[PDB]
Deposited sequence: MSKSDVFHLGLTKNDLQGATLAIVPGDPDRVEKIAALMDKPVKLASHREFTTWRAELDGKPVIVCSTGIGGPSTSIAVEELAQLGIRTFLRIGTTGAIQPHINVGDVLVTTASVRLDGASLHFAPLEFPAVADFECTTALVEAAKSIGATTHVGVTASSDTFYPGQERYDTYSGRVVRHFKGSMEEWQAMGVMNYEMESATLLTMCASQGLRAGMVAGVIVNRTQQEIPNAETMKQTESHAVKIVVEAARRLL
């Protein structure tokens, strides 16, 4: 008996949580949950592994999205049905800008919509823009730990032009931000995106990014 079709969760499981951190894989979910108090694994069905934890005494959810905009759309929709209104995504990616060094942190203000799923929420002309408060929290959290931060646009497609985006200032590439940002920005949900640069130390970069997204969640509670 679940209130949702895929996550296998019930309203009561979130214990009032209104904020969820949504990484791409289950292993990262555990890492994120482990940084908080009272970490507990709630469920695991297909790409969707969900844990629950507490930040400053407040319940927070951590759930994997799977690969690409399609899987992400399912996780975000169902989590929203469960009461979540703030989504913070964290990941690791490469950089396409020479001035960006490995170990730096990227906070996405908006994404180039090169995917298919974002179109199921709004026409292409609509901006895949991140929530101002979430973006602010991510930037302050990164600064609170002395991380070198770059704030700007990310390219988001369904594949795992090139010099074009680089010439337009695009920082990096990934596959879920366009769907996540568009979904939330066009449905009254708050969303933020942060990523550790692992290529253009890897585990350290992931750790620092995991810490930043958790500290940002704390500023958002």
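- What the model leaves out of the deposited chain are the segments 1 to 2, 163 to 182, 223 to 232.
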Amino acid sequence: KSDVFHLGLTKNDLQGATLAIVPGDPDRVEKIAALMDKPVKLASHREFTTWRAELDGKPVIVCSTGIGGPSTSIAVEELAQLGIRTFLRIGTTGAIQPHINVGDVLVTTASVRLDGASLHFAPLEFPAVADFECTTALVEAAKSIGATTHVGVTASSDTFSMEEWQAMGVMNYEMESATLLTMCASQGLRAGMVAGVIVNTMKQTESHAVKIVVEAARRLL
From here on, numbers count along this sequence of modelled residues.
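Heads up, when I say rigid core I mean the largest set of C-alphas that superpose within 1.5 Å between the two forms.
- In 6 other deposited structures of this protein, superposed by the rigid core, the C-alpha atoms of 100 to 108 lie farther from the shown form than the other of 80 to 88 and 100 to 108.
- Stretches 174 to 182 and 38 to 46 differ in mean C-alpha B factor, with the higher average recorded for 38 to 46.
- Two stretches are in play, 211 to 219 and 1 to 9, and the higher mean C-alpha B-factor belongs to 1 to 9.
- For the set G57, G152, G196, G192, the PDB entry puts the maximum C-alpha B factor at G57.
- Highest CA B-factor among the listed residues (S156, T65, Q166, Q187): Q166.
- For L14, the recorded CA temperature factor ranks within the highest third of the chain's modelled residues.
- Ranked by Cα temperature factor within the chain, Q81 sits in the middle third according to the deposited record.
- In the PDB entry, a CA B factor belonging to the highest third of its chain's modelled residues is recorded for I96.
- Remark: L124 belongs to the lowest third of its chain, ranked by C-alpha B-factor as recorded.
- Residue-level temperature factors show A75 in the lowest third of its chain, judged at the C-alpha atom.
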